[PDB]
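Just one chain is shown here, as structure tokens, and it is the form deposited in one PDB entry.
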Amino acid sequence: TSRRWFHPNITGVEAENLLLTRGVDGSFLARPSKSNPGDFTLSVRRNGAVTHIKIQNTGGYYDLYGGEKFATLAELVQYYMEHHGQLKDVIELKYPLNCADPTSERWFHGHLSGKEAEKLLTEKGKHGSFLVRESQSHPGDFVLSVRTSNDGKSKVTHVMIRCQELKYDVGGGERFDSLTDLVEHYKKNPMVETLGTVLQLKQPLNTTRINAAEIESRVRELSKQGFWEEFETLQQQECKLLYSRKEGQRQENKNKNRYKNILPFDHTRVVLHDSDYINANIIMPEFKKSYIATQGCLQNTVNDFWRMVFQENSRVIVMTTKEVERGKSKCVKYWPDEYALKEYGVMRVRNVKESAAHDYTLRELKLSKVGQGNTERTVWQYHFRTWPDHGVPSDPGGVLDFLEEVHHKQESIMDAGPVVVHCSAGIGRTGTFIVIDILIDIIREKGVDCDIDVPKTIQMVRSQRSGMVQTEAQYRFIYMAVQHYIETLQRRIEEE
């Protein structure tokens, strides 16, 4: 279940040519926009002509022009192929035109020497750890290095991959049209050595896990792009997370979603104890603070939101957007005015005090159940207001100082439930805040000598809610926030 319809290194022209020379009517491909960085293009072939459809991502979701809104490109493609439709009057999405480029695959390392691959497999790798690198002695050819410390019970085996007439082979048998086709076949049908050893391609070698103290070196390496390559490699793994979202698709729940196709996964969704539906998922860091990643309140979901906050015993709400951003509502006001008391169905909310800071507004709320003896608990709502209208903040200090306060508030309340985090779709900005908070919590407790892995943490969060962390700008910001936090901690060590 690998993502093949995405072509990362082609121009609009090359897309038009590929679909007219290799494809037919119904053939399609997705590619990054060369003209609009961060955006994407859906190139579909129809009636002997190629139509380019714009896919915008402002940081909250994927917006298909003339189409609908989605959490990932894989969920967009799955929707129009399993099988729905779009206008500009139909555009048929029938045949995914496969990409032969291996650059964005986890196992591919490109220009890497034999000695480098050997040391990396002996130190980082274990049983079934594999990689594909370019051959220095044989230009055009590739080398597959597989692992199956002085005992000699483990070994590194090298398999030659010949590239002949745009096709790849292991010196015999089948000739594959792409390096990915070769890997998928031998991952399924492992190569057997003449003496019995099975060359199992279990997992690719991890090249993203770094020690927290060496962040400055990794940031410098990714800046001169590295950040783009790492993010595009992370996007190639989204086809593995197409979990069922049946509850969100139900007719009785359709209007409970801000965006029709941005739904919670069934296995992680928040189930309301007596309707059990809310577009929210429990985010549990897996490698102990937990989170609720949710959409901005709808007028008809305000009562359900408070039902969720009450039942989960949540004491901290992180609001990442303003009520209206760029002329479109991101969240409905679900809290009463300062000093006022309001009833939201069975729930009662008192806005005790509003405290304004530079980057945020803090609202001390008192949540209770109507007609029920001491159900009252203080809910601290942290409203972040300085996130720019376009892109990410230029300085990570604001977000970090805010999350440090949010963390300390959460820790000060014994048996406090998951931290509620929300933005527009509850995926982009929400995903960014949650990932940063998870990463800084590892460093805060375990120290600067603990290992961190930015894309692996994101993938783990993405398996719990669709498309958590939307853009490359947000991905780069996570690295900038972690680096700033470490720099701050090292300055503390120096000054006391």
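The first residue of the shown sequence is 1; numbering continues from there.
The following text describes the form deposited with a small molecule bound, which does not appear among the structures shown.
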Checklist entry - Does the small molecule come within 4.5 Å of any heavy atom of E354 in the deposited bound form? => result no
Item to check | Partner proximity in the deposited bound form: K456 to the small molecule, non-hydrogen atom cutoff 4.5 Å | outcome: yes
Checklist entry - Taking the shortest heavy atom distance, is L234 within 4.5 Å of the small molecule in the deposited bound form? => result yes
Checklist entry - Though only this chain appears here, would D177 touch the small molecule in the deposited bound form if you measure heavy atom gaps against 4.5 Å? => result no
Checklist entry - Of 158 to 166, 345 to 353, 97 to 105, 276 to 284, which is the one stretch near the small molecule in the deposited bound form, taking non-hydrogen atoms within 4.5 angstroms as near? => result 97 to 105
Checklist entry - Considering the small molecule in the deposited bound form, which of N206, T197, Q136, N189 comes within 4.5 Å of it through any heavy atom? => result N206
Next on the checklist: To verify the annotation, which of these, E312, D181, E92, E230, has a non-hydrogen atom within 4.5 Å of the small molecule in the deposited bound form?
Outcome noted: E230
